[PDB]
>>> print(open('my_file-v9.cif').read())   # mmCIF, N, CA and C atoms
data_upload
#
loop_
_atom_site.group_PDB
_atom_site.id
_atom_site.type_symbol
_atom_site.label_atom_id
_atom_site.label_comp_id
_atom_site.auth_asym_id
_atom_site.auth_seq_id
_atom_site.Cartn_x
_atom_site.Cartn_y
_atom_site.Cartn_z
ATOM 1 N N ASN F 32 118.561 100.425 49.993
ATOM 2 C CA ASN F 32 120.040 100.346 49.840
ATOM 3 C C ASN F 32 120.500 101.383 48.820
ATOM 4 N N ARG F 33 119.786 101.462 47.703
ATOM 5 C CA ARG F 33 120.128 102.418 46.655
ATOM 6 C C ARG F 33 120.201 103.830 47.227
ATOM 7 N N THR F 34 119.256 104.156 48.104
ATOM 8 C CA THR F 34 119.217 105.476 48.723
ATOM 9 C C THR F 34 119.082 105.351 50.238
ATOM 10 N N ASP F 35 119.619 106.329 50.956
ATOM 11 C CA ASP F 35 119.559 106.320 52.416
ATOM 12 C C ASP F 35 118.113 106.233 52.895
ATOM 13 N N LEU F 36 117.205 106.852 52.148
ATOM 14 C CA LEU F 36 115.796 106.836 52.514
ATOM 15 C C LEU F 36 115.310 105.399 52.685
ATOM 16 N N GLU F 37 115.798 104.508 51.827
ATOM 17 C CA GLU F 37 115.404 103.107 51.899
ATOM 18 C C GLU F 37 115.757 102.528 53.264
ATOM 19 N N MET F 38 116.938 102.878 53.763
ATOM 20 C CA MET F 38 117.385 102.388 55.060
ATOM 21 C C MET F 38 116.389 102.772 56.150
ATOM 22 N N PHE F 39 115.845 103.980 56.047
ATOM 23 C CA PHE F 39 114.877 104.453 57.030
ATOM 24 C C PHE F 39 113.572 103.668 56.925
ATOM 25 N N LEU F 40 113.120 103.437 55.697
ATOM 26 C CA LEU F 40 111.883 102.694 55.480
ATOM 27 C C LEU F 40 112.055 101.235 55.895
ATOM 28 N N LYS F 41 113.306 100.805 56.014
ATOM 29 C CA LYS F 41 113.600 99.430 56.403
ATOM 30 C C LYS F 41 113.227 99.199 57.866
ATOM 31 N N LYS F 42 112.522 100.166 58.451
ATOM 32 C CA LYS F 42 112.110 100.064 59.846
ATOM 33 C C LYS F 42 111.304 98.789 60.087
ATOM 34 N N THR F 43 110.390 98.482 59.170
ATOM 35 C CA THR F 43 109.565 97.285 59.309
ATOM 36 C C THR F 43 110.186 96.109 58.553
ATOM 37 N N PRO F 44 109.902 94.891 58.959
ATOM 38 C CA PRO F 44 110.449 93.677 58.286
ATOM 39 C C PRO F 44 109.786 93.419 56.938
ATOM 40 N N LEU F 45 108.558 93.901 56.790
ATOM 41 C CA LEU F 45 107.819 93.718 55.547
ATOM 42 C C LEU F 45 108.500 94.463 54.403
ATOM 43 N N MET F 46 109.288 95.480 54.747
ATOM 44 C CA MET F 46 109.993 96.255 53.734
ATOM 45 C C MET F 46 110.970 95.366 52.970
ATOM 46 N N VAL F 47 111.558 94.405 53.675
ATOM 47 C CA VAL F 47 112.500 93.484 53.053
ATOM 48 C C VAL F 47 111.769 92.575 52.074
ATOM 49 N N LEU F 48 110.541 92.207 52.424
ATOM 50 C CA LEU F 48 109.750 91.339 51.560
ATOM 51 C C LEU F 48 109.332 92.088 50.301
ATOM 52 N N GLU F 49 108.743 93.263 50.485
ATOM 53 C CA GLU F 49 108.298 94.067 49.353
ATOM 54 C C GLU F 49 109.437 94.271 48.359
ATOM 55 N N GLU F 50 110.640 94.498 48.879
ATOM 56 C CA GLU F 50 111.803 94.712 48.026
ATOM 57 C C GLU F 50 112.303 93.395 47.438
ATOM 58 N N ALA F 51 112.151 92.312 48.193
ATOM 59 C CA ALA F 51 112.603 91.002 47.730
ATOM 60 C C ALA F 51 111.718 90.480 46.608
ATOM 61 N N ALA F 52 110.412 90.529 46.810
ATOM 62 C CA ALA F 52 109.481 90.052 45.797
ATOM 63 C C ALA F 52 109.541 90.933 44.555
ATOM 64 N N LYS F 53 109.827 92.214 44.756
ATOM 65 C CA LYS F 53 109.884 93.147 43.638
ATOM 66 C C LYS F 53 111.193 93.041 42.852
ATOM 67 N N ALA F 54 112.323 93.220 43.526
ATOM 68 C CA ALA F 54 113.615 93.175 42.847
ATOM 69 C C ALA F 54 113.893 91.823 42.197
ATOM 70 N N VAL F 55 113.227 90.767 42.651
ATOM 71 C CA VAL F 55 113.473 89.449 42.077
ATOM 72 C C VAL F 55 112.619 89.204 40.834
ATOM 73 N N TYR F 56 111.300 89.378 40.957
ATOM 74 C CA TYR F 56 110.403 89.141 39.826
ATOM 75 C C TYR F 56 109.506 90.342 39.539
ATOM 76 N N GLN F 57 109.707 91.447 40.256
ATOM 77 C CA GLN F 57 108.861 92.626 40.048
ATOM 78 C C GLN F 57 107.404 92.264 40.318
ATOM 79 N N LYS F 58 107.208 91.343 41.260
ATOM 80 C CA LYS F 58 105.868 90.892 41.627
ATOM 81 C C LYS F 58 105.649 91.049 43.128
ATOM 82 N N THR F 59 104.396 91.254 43.527
ATOM 83 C CA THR F 59 104.075 91.427 44.940
ATOM 84 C C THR F 59 104.007 90.075 45.656
ATOM 85 N N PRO F 60 104.207 90.055 46.956
ATOM 86 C CA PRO F 60 104.155 88.798 47.767
ATOM 87 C C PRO F 60 102.724 88.300 47.965
ATOM 88 N N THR F 61 102.581 87.072 48.470
ATOM 89 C CA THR F 61 101.251 86.498 48.697
ATOM 90 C C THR F 61 101.065 86.093 50.159
ATOM 91 N N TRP F 62 100.006 86.616 50.781
ATOM 92 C CA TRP F 62 99.707 86.306 52.180
ATOM 93 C C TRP F 62 98.360 85.591 52.304
ATOM 94 N N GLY F 63 98.220 84.780 53.350
ATOM 95 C CA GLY F 63 96.975 84.046 53.577
ATOM 96 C C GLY F 63 96.673 83.918 55.071
ATOM 97 N N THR F 64 95.447 84.270 55.461
ATOM 98 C CA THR F 64 95.053 84.200 56.869
ATOM 99 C C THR F 64 94.184 82.972 57.145
ATOM 100 N N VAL F 65 94.680 82.098 58.017
ATOM 101 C CA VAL F 65 93.957 80.876 58.365
ATOM 102 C C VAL F 65 93.403 80.946 59.783
ATOM 103 N N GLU F 66 92.263 80.293 59.991
ATOM 104 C CA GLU F 66 91.645 80.218 61.311
ATOM 105 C C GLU F 66 91.671 78.759 61.759
ATOM 106 N N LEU F 67 92.495 78.445 62.764
ATOM 107 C CA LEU F 67 92.609 77.073 63.240
ATOM 108 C C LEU F 67 92.540 77.040 64.767
ATOM 109 N N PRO F 68 92.202 75.918 65.354
ATOM 110 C CA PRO F 68 92.130 75.807 66.835
ATOM 111 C C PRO F 68 93.421 76.291 67.491
ATOM 112 N N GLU F 69 94.491 76.319 66.705
ATOM 113 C CA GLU F 69 95.796 76.744 67.202
ATOM 114 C C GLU F 69 95.904 78.268 67.232
ATOM 115 N N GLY F 70 95.051 78.941 66.464
ATOM 116 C CA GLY F 70 95.070 80.398 66.422
ATOM 117 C C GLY F 70 94.959 80.866 64.984
ATOM 118 N N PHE F 71 96.010 81.505 64.484
ATOM 119 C CA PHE F 71 96.016 81.975 63.113
ATOM 120 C C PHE F 71 97.329 81.582 62.452
ATOM 121 N N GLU F 72 97.269 81.093 61.211
ATOM 122 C CA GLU F 72 98.489 80.705 60.506
ATOM 123 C C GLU F 72 98.674 81.567 59.268
ATOM 124 N N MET F 73 99.850 82.158 59.135
ATOM 125 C CA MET F 73 100.128 83.004 57.985
ATOM 126 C C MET F 73 100.869 82.209 56.923
ATOM 127 N N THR F 74 100.365 82.254 55.696
ATOM 128 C CA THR F 74 101.002 81.550 54.593
ATOM 129 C C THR F 74 101.672 82.560 53.675
ATOM 130 N N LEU F 75 102.985 82.433 53.511
ATOM 131 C CA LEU F 75 103.729 83.352 52.668
ATOM 132 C C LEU F 75 104.261 82.600 51.457
ATOM 133 N N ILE F 76 103.992 83.128 50.265
ATOM 134 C CA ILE F 76 104.452 82.502 49.032
ATOM 135 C C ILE F 76 105.283 83.495 48.232
ATOM 136 N N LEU F 77 106.431 83.032 47.748
ATOM 137 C CA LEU F 77 107.323 83.879 46.968
ATOM 138 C C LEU F 77 107.916 83.093 45.804
ATOM 139 N N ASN F 78 107.214 83.100 44.676
ATOM 140 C CA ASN F 78 107.678 82.392 43.488
ATOM 141 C C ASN F 78 107.909 80.907 43.771
ATOM 142 N N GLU F 79 109.084 80.576 44.305
ATOM 143 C CA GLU F 79 109.421 79.180 44.593
ATOM 144 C C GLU F 79 109.502 78.906 46.094
ATOM 145 N N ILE F 80 109.614 79.958 46.894
ATOM 146 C CA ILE F 80 109.708 79.785 48.342
ATOM 147 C C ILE F 80 108.360 79.999 49.011
ATOM 148 N N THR F 81 107.945 79.037 49.831
ATOM 149 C CA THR F 81 106.686 79.155 50.555
ATOM 150 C C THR F 81 106.913 78.795 52.019
ATOM 151 N N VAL F 82 106.426 79.634 52.936
ATOM 152 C CA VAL F 82 106.615 79.358 54.357
ATOM 153 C C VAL F 82 105.346 79.629 55.148
ATOM 154 N N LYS F 83 105.222 78.938 56.272
ATOM 155 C CA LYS F 83 104.053 79.091 57.123
ATOM 156 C C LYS F 83 104.459 79.223 58.585
ATOM 157 N N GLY F 84 103.660 79.955 59.348
ATOM 158 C CA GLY F 84 103.935 80.156 60.763
ATOM 159 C C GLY F 84 102.638 80.311 61.547
ATOM 160 N N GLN F 85 102.613 79.754 62.754
ATOM 161 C CA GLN F 85 101.426 79.835 63.600
ATOM 162 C C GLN F 85 101.640 80.847 64.722
ATOM 163 N N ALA F 86 100.616 81.649 64.997
ATOM 164 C CA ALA F 86 100.711 82.656 66.047
ATOM 165 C C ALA F 86 99.325 83.031 66.559
ATOM 166 N N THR F 87 99.290 83.716 67.697
ATOM 167 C CA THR F 87 98.024 84.129 68.291
ATOM 168 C C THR F 87 97.741 85.600 67.996
ATOM 169 N N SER F 88 98.653 86.245 67.271
ATOM 170 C CA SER F 88 98.489 87.657 66.929
ATOM 171 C C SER F 88 98.718 87.881 65.438
ATOM 172 N N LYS F 89 98.175 88.979 64.922
ATOM 173 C CA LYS F 89 98.323 89.301 63.505
ATOM 174 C C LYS F 89 99.721 89.843 63.210
ATOM 175 N N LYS F 90 100.187 90.760 64.051
ATOM 176 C CA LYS F 90 101.506 91.358 63.862
ATOM 177 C C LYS F 90 102.612 90.306 63.942
ATOM 178 N N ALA F 91 102.543 89.455 64.960
ATOM 179 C CA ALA F 91 103.553 88.416 65.142
ATOM 180 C C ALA F 91 103.369 87.287 64.134
ATOM 181 N N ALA F 92 102.163 87.174 63.589
ATOM 182 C CA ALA F 92 101.871 86.121 62.620
ATOM 183 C C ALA F 92 102.663 86.320 61.331
ATOM 184 N N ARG F 93 102.634 87.535 60.794
ATOM 185 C CA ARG F 93 103.352 87.832 59.560
ATOM 186 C C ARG F 93 104.857 87.900 59.799
ATOM 187 N N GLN F 94 105.253 88.548 60.891
ATOM 188 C CA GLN F 94 106.672 88.683 61.211
ATOM 189 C C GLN F 94 107.361 87.322 61.218
ATOM 190 N N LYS F 95 106.730 86.343 61.855
ATOM 191 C CA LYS F 95 107.301 85.003 61.935
ATOM 192 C C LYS F 95 107.367 84.358 60.553
ATOM 193 N N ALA F 96 106.358 84.628 59.729
ATOM 194 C CA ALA F 96 106.308 84.060 58.386
ATOM 195 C C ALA F 96 107.386 84.666 57.489
ATOM 196 N N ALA F 97 107.448 85.992 57.447
ATOM 197 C CA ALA F 97 108.429 86.681 56.616
ATOM 198 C C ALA F 97 109.848 86.230 56.943
ATOM 199 N N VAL F 98 110.070 85.849 58.192
ATOM 200 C CA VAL F 98 111.392 85.409 58.617
ATOM 201 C C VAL F 98 111.735 84.043 58.046
ATOM 202 N N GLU F 99 110.807 83.097 58.153
ATOM 203 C CA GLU F 99 111.055 81.752 57.649
ATOM 204 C C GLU F 99 111.442 81.806 56.179
ATOM 205 N N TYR F 100 110.844 82.740 55.455
ATOM 206 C CA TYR F 100 111.142 82.893 54.043
ATOM 207 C C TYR F 100 112.604 83.290 53.856
ATOM 208 N N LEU F 101 112.990 84.413 54.463
ATOM 209 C CA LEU F 101 114.363 84.907 54.356
ATOM 210 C C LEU F 101 115.382 83.802 54.641
ATOM 211 N N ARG F 102 115.079 82.960 55.623
ATOM 212 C CA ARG F 102 115.984 81.879 55.999
ATOM 213 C C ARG F 102 116.236 80.924 54.838
ATOM 214 N N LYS F 103 115.174 80.542 54.139
ATOM 215 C CA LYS F 103 115.309 79.615 53.021
ATOM 216 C C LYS F 103 116.227 80.189 51.950
ATOM 217 N N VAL F 104 116.254 81.512 51.861
ATOM 218 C CA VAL F 104 117.088 82.180 50.866
ATOM 219 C C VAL F 104 118.563 81.928 51.142
ATOM 220 N N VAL F 105 118.987 82.245 52.358
ATOM 221 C CA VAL F 105 120.380 82.058 52.744
ATOM 222 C C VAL F 105 120.826 80.623 52.487
ATOM 223 N N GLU F 106 119.926 79.678 52.722
ATOM 224 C CA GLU F 106 120.242 78.272 52.505
ATOM 225 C C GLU F 106 120.565 78.022 51.036
ATOM 226 N N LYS F 107 119.912 78.773 50.158
ATOM 227 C CA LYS F 107 120.131 78.627 48.724
ATOM 228 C C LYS F 107 121.135 79.660 48.221
ATOM 229 N N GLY F 108 121.942 80.193 49.133
ATOM 230 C CA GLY F 108 122.946 81.186 48.769
ATOM 231 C C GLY F 108 122.370 82.236 47.826
ATOM 232 N N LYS F 109 121.220 82.788 48.196
ATOM 233 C CA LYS F 109 120.570 83.808 47.378
ATOM 234 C C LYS F 109 120.126 84.983 48.248
ATOM 235 N N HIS F 110 120.778 85.138 49.393
ATOM 236 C CA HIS F 110 120.444 86.220 50.315
ATOM 237 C C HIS F 110 120.361 87.553 49.577
ATOM 238 N N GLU F 111 120.931 87.596 48.380
ATOM 239 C CA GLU F 111 120.928 88.817 47.585
ATOM 240 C C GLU F 111 119.586 89.028 46.884
ATOM 241 N N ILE F 112 118.519 88.432 47.417
ATOM 242 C CA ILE F 112 117.207 88.587 46.789
ATOM 243 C C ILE F 112 116.927 90.071 46.538
ATOM 244 N N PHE F 113 117.215 90.909 47.535
ATOM 245 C CA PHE F 113 117.056 92.361 47.384
ATOM 246 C C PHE F 113 118.414 93.029 47.542
ATOM 247 N N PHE F 114 119.345 92.286 48.169
ATOM 248 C CA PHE F 114 120.725 92.725 48.426
ATOM 249 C C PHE F 114 120.997 92.765 49.926
ATOM 250 N N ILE F 115 120.636 91.691 50.635
ATOM 251 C CA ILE F 115 120.878 91.637 52.073
ATOM 252 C C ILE F 115 122.392 91.705 52.314
ATOM 253 N N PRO F 116 122.913 92.763 52.908
ATOM 254 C CA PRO F 116 124.381 92.895 53.123
ATOM 255 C C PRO F 116 124.899 92.044 54.274
ATOM 256 N N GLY F 117 125.942 91.272 53.993
ATOM 257 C CA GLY F 117 126.551 90.417 55.000
ATOM 258 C C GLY F 117 128.021 90.177 54.671
ATOM 259 N N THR F 118 128.891 91.033 55.194
ATOM 260 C CA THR F 118 130.320 90.893 54.939
ATOM 261 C C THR F 118 130.788 89.509 55.370
ATOM 262 N N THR F 119 130.104 88.951 56.360
ATOM 263 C CA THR F 119 130.438 87.625 56.864
ATOM 264 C C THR F 119 129.167 86.804 57.048
ATOM 265 N N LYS F 120 129.318 85.572 57.518
ATOM 266 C CA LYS F 120 128.164 84.707 57.726
ATOM 267 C C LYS F 120 127.255 85.276 58.811
ATOM 268 N N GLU F 121 127.800 85.435 60.013
ATOM 269 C CA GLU F 121 127.024 85.964 61.131
ATOM 270 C C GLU F 121 126.432 87.331 60.795
ATOM 271 N N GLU F 122 127.087 88.052 59.893
ATOM 272 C CA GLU F 122 126.606 89.373 59.506
ATOM 273 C C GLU F 122 125.276 89.267 58.766
ATOM 274 N N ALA F 123 125.176 88.293 57.868
ATOM 275 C CA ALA F 123 123.944 88.095 57.110
ATOM 276 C C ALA F 123 122.787 87.748 58.046
ATOM 277 N N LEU F 124 123.021 86.794 58.945
ATOM 278 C CA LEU F 124 121.993 86.388 59.901
ATOM 279 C C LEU F 124 121.692 87.530 60.844
ATOM 280 N N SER F 125 122.742 87.951 61.528
ATOM 281 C CA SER F 125 122.637 89.034 62.499
ATOM 282 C C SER F 125 121.984 90.266 61.878
ATOM 283 N N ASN F 126 122.353 90.583 60.641
ATOM 284 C CA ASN F 126 121.783 91.746 59.967
ATOM 285 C C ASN F 126 120.261 91.657 59.945
ATOM 286 N N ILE F 127 119.743 90.587 59.351
ATOM 287 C CA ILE F 127 118.298 90.392 59.276
ATOM 288 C C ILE F 127 117.698 90.432 60.667
ATOM 289 N N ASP F 128 118.283 89.643 61.553
ATOM 290 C CA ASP F 128 117.801 89.563 62.925
ATOM 291 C C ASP F 128 117.560 90.955 63.499
ATOM 292 N N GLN F 129 118.422 91.908 63.151
ATOM 293 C CA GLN F 129 118.277 93.274 63.642
ATOM 294 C C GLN F 129 117.088 93.969 62.982
ATOM 295 N N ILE F 130 116.744 93.539 61.771
ATOM 296 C CA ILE F 130 115.615 94.135 61.067
ATOM 297 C C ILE F 130 114.328 93.820 61.819
ATOM 298 N N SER F 131 114.350 92.722 62.569
ATOM 299 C CA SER F 131 113.187 92.313 63.342
ATOM 300 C C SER F 131 113.144 93.047 64.680
ATOM 301 N N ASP F 132 114.294 93.128 65.342
ATOM 302 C CA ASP F 132 114.378 93.801 66.631
ATOM 303 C C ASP F 132 114.121 95.298 66.482
ATOM 304 N N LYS F 133 114.601 95.870 65.382
ATOM 305 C CA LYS F 133 114.417 97.295 65.132
ATOM 306 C C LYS F 133 112.950 97.607 64.849
ATOM 307 N N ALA F 134 112.108 96.582 64.909
ATOM 308 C CA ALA F 134 110.683 96.765 64.659
ATOM 309 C C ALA F 134 110.116 97.854 65.567
ATOM 310 N N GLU F 135 110.601 97.895 66.804
ATOM 311 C CA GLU F 135 110.137 98.894 67.762
ATOM 312 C C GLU F 135 111.011 100.141 67.697
ATOM 313 N N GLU F 136 112.129 100.114 68.412
ATOM 314 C CA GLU F 136 113.044 101.250 68.427
ATOM 315 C C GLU F 136 114.336 100.885 69.152
#
>>> encode(input="my_file-v9.cif", output="structure tokens")
Amino acid sequence: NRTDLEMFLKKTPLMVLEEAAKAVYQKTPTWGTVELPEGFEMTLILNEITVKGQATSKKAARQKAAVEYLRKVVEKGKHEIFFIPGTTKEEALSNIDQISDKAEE
């Protein structure tokens, strides 16, 4: 956000996490890989927010996890963890949602 370059690097969803964990506590995020009959479960921890997601792929495993985290933020009116821009309600949701879709092109 500070620089246009950041917008470009925002190509991946993990960029939002790296910036969120950093701008909030200047600390890196925590990931965990589980092996269960269901497949693989990703555990994401962020200071006070912790989320988990089950998936059959590694790429989709983290993506789903990083999303659950962001959601908890909006609920606590703290979407500004890194500065998620949302002129309106749907803008905040829709904005993030696009960060996931833009994963490809």
>>> axis_aligned_box(input="my_file-v9.cif", around="stretch 42-61 of chain F", padding_each_side="3 Å", output="lines of an AutoDock Vina configuration file")
center_x = 107.5
center_y = 93.1
center_z = 49.8
size_x = 18.8
size_y = 20.1
size_z = 26.5
>>> closest_atom_pairs(input="my_file-v9.cif", of="stretch 88-111 of chain F", to="stretch 55-71 of chain F", cutoff="8 Å", atoms="all atoms listed in the file", output="tab-separated table")
residue	atom	partner	partner_atom	distance
F:88	N	F:71	N	6.1
F:89	N	F:71	CA	7.5
F:92	CA	F:71	C	6.4
F:111	C	F:55	CA	7.8
>>> resolve_selection(input="my_file-v9.cif", expression="the PyMOL selection byres (((chain F and resi 112 and name CA) around 12) and name CA)", output="PDB file with N, CA and C atoms, keeping the file's coordinate frame")
ATOM      1  N   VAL F  47     111.558  94.405  53.675  1.00  0.00           N
ATOM      2  CA  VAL F  47     112.500  93.484  53.053  1.00  0.00           C
ATOM      3  C   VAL F  47     111.769  92.575  52.074  1.00  0.00           C
ATOM      4  N   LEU F  48     110.541  92.207  52.424  1.00  0.00           N
ATOM      5  CA  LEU F  48     109.750  91.339  51.560  1.00  0.00           C
ATOM      6  C   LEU F  48     109.332  92.088  50.301  1.00  0.00           C
ATOM      7  N   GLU F  49     108.743  93.263  50.485  1.00  0.00           N
ATOM      8  CA  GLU F  49     108.298  94.067  49.353  1.00  0.00           C
ATOM      9  C   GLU F  49     109.437  94.271  48.359  1.00  0.00           C
ATOM     10  N   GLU F  50     110.640  94.498  48.879  1.00  0.00           N
ATOM     11  CA  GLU F  50     111.803  94.712  48.026  1.00  0.00           C
ATOM     12  C   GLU F  50     112.303  93.395  47.438  1.00  0.00           C
ATOM     13  N   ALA F  51     112.151  92.312  48.193  1.00  0.00           N
ATOM     14  CA  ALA F  51     112.603  91.002  47.730  1.00  0.00           C
ATOM     15  C   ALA F  51     111.718  90.480  46.608  1.00  0.00           C
ATOM     16  N   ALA F  52     110.412  90.529  46.810  1.00  0.00           N
ATOM     17  CA  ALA F  52     109.481  90.052  45.797  1.00  0.00           C
ATOM     18  C   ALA F  52     109.541  90.933  44.555  1.00  0.00           C
ATOM     19  N   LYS F  53     109.827  92.214  44.756  1.00  0.00           N
ATOM     20  CA  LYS F  53     109.884  93.147  43.638  1.00  0.00           C
ATOM     21  C   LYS F  53     111.193  93.041  42.852  1.00  0.00           C
ATOM     22  N   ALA F  54     112.323  93.220  43.526  1.00  0.00           N
ATOM     23  CA  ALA F  54     113.615  93.175  42.847  1.00  0.00           C
ATOM     24  C   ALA F  54     113.893  91.823  42.197  1.00  0.00           C
ATOM     25  N   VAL F  55     113.227  90.767  42.651  1.00  0.00           N
ATOM     26  CA  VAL F  55     113.473  89.449  42.077  1.00  0.00           C
ATOM     27  C   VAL F  55     112.619  89.204  40.834  1.00  0.00           C
ATOM     28  N   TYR F  56     111.300  89.378  40.957  1.00  0.00           N
ATOM     29  CA  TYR F  56     110.403  89.141  39.826  1.00  0.00           C
ATOM     30  C   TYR F  56     109.506  90.342  39.539  1.00  0.00           C
ATOM     31  N   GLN F  57     109.707  91.447  40.256  1.00  0.00           N
ATOM     32  CA  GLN F  57     108.861  92.626  40.048  1.00  0.00           C
ATOM     33  C   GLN F  57     107.404  92.264  40.318  1.00  0.00           C
ATOM     34  N   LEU F  77     106.431  83.032  47.748  1.00  0.00           N
ATOM     35  CA  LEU F  77     107.323  83.879  46.968  1.00  0.00           C
ATOM     36  C   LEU F  77     107.916  83.093  45.804  1.00  0.00           C
ATOM     37  N   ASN F  78     107.214  83.100  44.676  1.00  0.00           N
ATOM     38  CA  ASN F  78     107.678  82.392  43.488  1.00  0.00           C
ATOM     39  C   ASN F  78     107.909  80.907  43.771  1.00  0.00           C
ATOM     40  N   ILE F  80     109.614  79.958  46.894  1.00  0.00           N
ATOM     41  CA  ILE F  80     109.708  79.785  48.342  1.00  0.00           C
ATOM     42  C   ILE F  80     108.360  79.999  49.011  1.00  0.00           C
ATOM     43  N   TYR F 100     110.844  82.740  55.455  1.00  0.00           N
ATOM     44  CA  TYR F 100     111.142  82.893  54.043  1.00  0.00           C
ATOM     45  C   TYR F 100     112.604  83.290  53.856  1.00  0.00           C
ATOM     46  N   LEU F 101     112.990  84.413  54.463  1.00  0.00           N
ATOM     47  CA  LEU F 101     114.363  84.907  54.356  1.00  0.00           C
ATOM     48  C   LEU F 101     115.382  83.802  54.641  1.00  0.00           C
ATOM     49  N   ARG F 102     115.079  82.960  55.623  1.00  0.00           N
ATOM     50  CA  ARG F 102     115.984  81.879  55.999  1.00  0.00           C
ATOM     51  C   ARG F 102     116.236  80.924  54.838  1.00  0.00           C
ATOM     52  N   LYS F 103     115.174  80.542  54.139  1.00  0.00           N
ATOM     53  CA  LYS F 103     115.309  79.615  53.021  1.00  0.00           C
ATOM     54  C   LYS F 103     116.227  80.189  51.950  1.00  0.00           C
ATOM     55  N   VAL F 104     116.254  81.512  51.861  1.00  0.00           N
ATOM     56  CA  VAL F 104     117.088  82.180  50.866  1.00  0.00           C
ATOM     57  C   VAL F 104     118.563  81.928  51.142  1.00  0.00           C
ATOM     58  N   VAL F 105     118.987  82.245  52.358  1.00  0.00           N
ATOM     59  CA  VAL F 105     120.380  82.058  52.744  1.00  0.00           C
ATOM     60  C   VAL F 105     120.826  80.623  52.487  1.00  0.00           C
ATOM     61  N   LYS F 107     119.912  78.773  50.158  1.00  0.00           N
ATOM     62  CA  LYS F 107     120.131  78.627  48.724  1.00  0.00           C
ATOM     63  C   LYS F 107     121.135  79.660  48.221  1.00  0.00           C
ATOM     64  N   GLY F 108     121.942  80.193  49.133  1.00  0.00           N
ATOM     65  CA  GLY F 108     122.946  81.186  48.769  1.00  0.00           C
ATOM     66  C   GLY F 108     122.370  82.236  47.826  1.00  0.00           C
ATOM     67  N   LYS F 109     121.220  82.788  48.196  1.00  0.00           N
ATOM     68  CA  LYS F 109     120.570  83.808  47.378  1.00  0.00           C
ATOM     69  C   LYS F 109     120.126  84.983  48.248  1.00  0.00           C
ATOM     70  N   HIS F 110     120.778  85.138  49.393  1.00  0.00           N
ATOM     71  CA  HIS F 110     120.444  86.220  50.315  1.00  0.00           C
ATOM     72  C   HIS F 110     120.361  87.553  49.577  1.00  0.00           C
ATOM     73  N   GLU F 111     120.931  87.596  48.380  1.00  0.00           N
ATOM     74  CA  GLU F 111     120.928  88.817  47.585  1.00  0.00           C
ATOM     75  C   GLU F 111     119.586  89.028  46.884  1.00  0.00           C
ATOM     76  N   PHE F 113     117.215  90.909  47.535  1.00  0.00           N
ATOM     77  CA  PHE F 113     117.056  92.361  47.384  1.00  0.00           C
ATOM     78  C   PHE F 113     118.414  93.029  47.542  1.00  0.00           C
ATOM     79  N   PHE F 114     119.345  92.286  48.169  1.00  0.00           N
ATOM     80  CA  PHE F 114     120.725  92.725  48.426  1.00  0.00           C
ATOM     81  C   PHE F 114     120.997  92.765  49.926  1.00  0.00           C
ATOM     82  N   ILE F 115     120.636  91.691  50.635  1.00  0.00           N
ATOM     83  CA  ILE F 115     120.878  91.637  52.073  1.00  0.00           C
ATOM     84  C   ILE F 115     122.392  91.705  52.314  1.00  0.00           C
ATOM     85  N   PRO F 116     122.913  92.763  52.908  1.00  0.00           N
ATOM     86  CA  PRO F 116     124.381  92.895  53.123  1.00  0.00           C
ATOM     87  C   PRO F 116     124.899  92.044  54.274  1.00  0.00           C
TER      88      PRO F 116
END
>>> atom_distance(input="my_file-v9.cif", atom1="atom CA of residue F:85", atom2="atom CA of residue F:120")
27.8 Å
>>> closest_residue(input="my_file-v9.cif", among="F:74, F:87, F:34, F:94", to="residue F:131", atoms="only N, CA and C atoms")
F:94
>>> atom_distance(input="my_file-v9.cif", atom1="atom CA of residue F:42", atom2="atom CA of residue F:133")
6.4 Å
>>> build_atoms(input="my_file-v9.cif", residues="stretch 114-121 of chain F", atoms="N, CA, C and O atoms", output="PDB file, in the coordinates of the input")
ATOM      1  N   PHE F 114     119.345  92.286  48.169  1.00  0.00           N
ATOM      2  CA  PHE F 114     120.725  92.725  48.426  1.00  0.00           C
ATOM      3  C   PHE F 114     120.997  92.765  49.926  1.00  0.00           C
ATOM      4  O   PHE F 114     121.542  93.743  50.434  1.00  0.00           O
ATOM      5  N   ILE F 115     120.636  91.691  50.635  1.00  0.00           N
ATOM      6  CA  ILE F 115     120.878  91.637  52.073  1.00  0.00           C
ATOM      7  C   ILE F 115     122.392  91.705  52.314  1.00  0.00           C
ATOM      8  O   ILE F 115     123.113  90.788  51.914  1.00  0.00           O
ATOM      9  N   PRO F 116     122.913  92.763  52.908  1.00  0.00           N
ATOM     10  CA  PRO F 116     124.381  92.895  53.123  1.00  0.00           C
ATOM     11  C   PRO F 116     124.899  92.044  54.274  1.00  0.00           C
ATOM     12  O   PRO F 116     124.380  92.097  55.389  1.00  0.00           O
ATOM     13  N   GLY F 117     125.942  91.272  53.993  1.00  0.00           N
ATOM     14  CA  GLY F 117     126.551  90.417  55.000  1.00  0.00           C
ATOM     15  C   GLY F 117     128.021  90.177  54.671  1.00  0.00           C
ATOM     16  O   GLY F 117     128.357  89.234  53.957  1.00  0.00           O
ATOM     17  N   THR F 118     128.891  91.033  55.194  1.00  0.00           N
ATOM     18  CA  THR F 118     130.320  90.893  54.939  1.00  0.00           C
ATOM     19  C   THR F 118     130.788  89.509  55.370  1.00  0.00           C
ATOM     20  O   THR F 118     131.739  88.959  54.812  1.00  0.00           O
ATOM     21  N   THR F 119     130.104  88.951  56.360  1.00  0.00           N
ATOM     22  CA  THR F 119     130.438  87.625  56.864  1.00  0.00           C
ATOM     23  C   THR F 119     129.167  86.804  57.048  1.00  0.00           C
ATOM     24  O   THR F 119     128.068  87.279  56.763  1.00  0.00           O
ATOM     25  N   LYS F 120     129.318  85.572  57.518  1.00  0.00           N
ATOM     26  CA  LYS F 120     128.164  84.707  57.726  1.00  0.00           C
ATOM     27  C   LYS F 120     127.255  85.276  58.811  1.00  0.00           C
ATOM     28  O   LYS F 120     126.086  85.562  58.567  1.00  0.00           O
ATOM     29  N   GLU F 121     127.800  85.435  60.013  1.00  0.00           N
ATOM     30  CA  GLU F 121     127.024  85.964  61.131  1.00  0.00           C
ATOM     31  C   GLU F 121     126.432  87.331  60.795  1.00  0.00           C
ATOM     32  O   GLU F 121     125.405  87.724  61.346  1.00  0.00           O
TER      33      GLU F 121
END
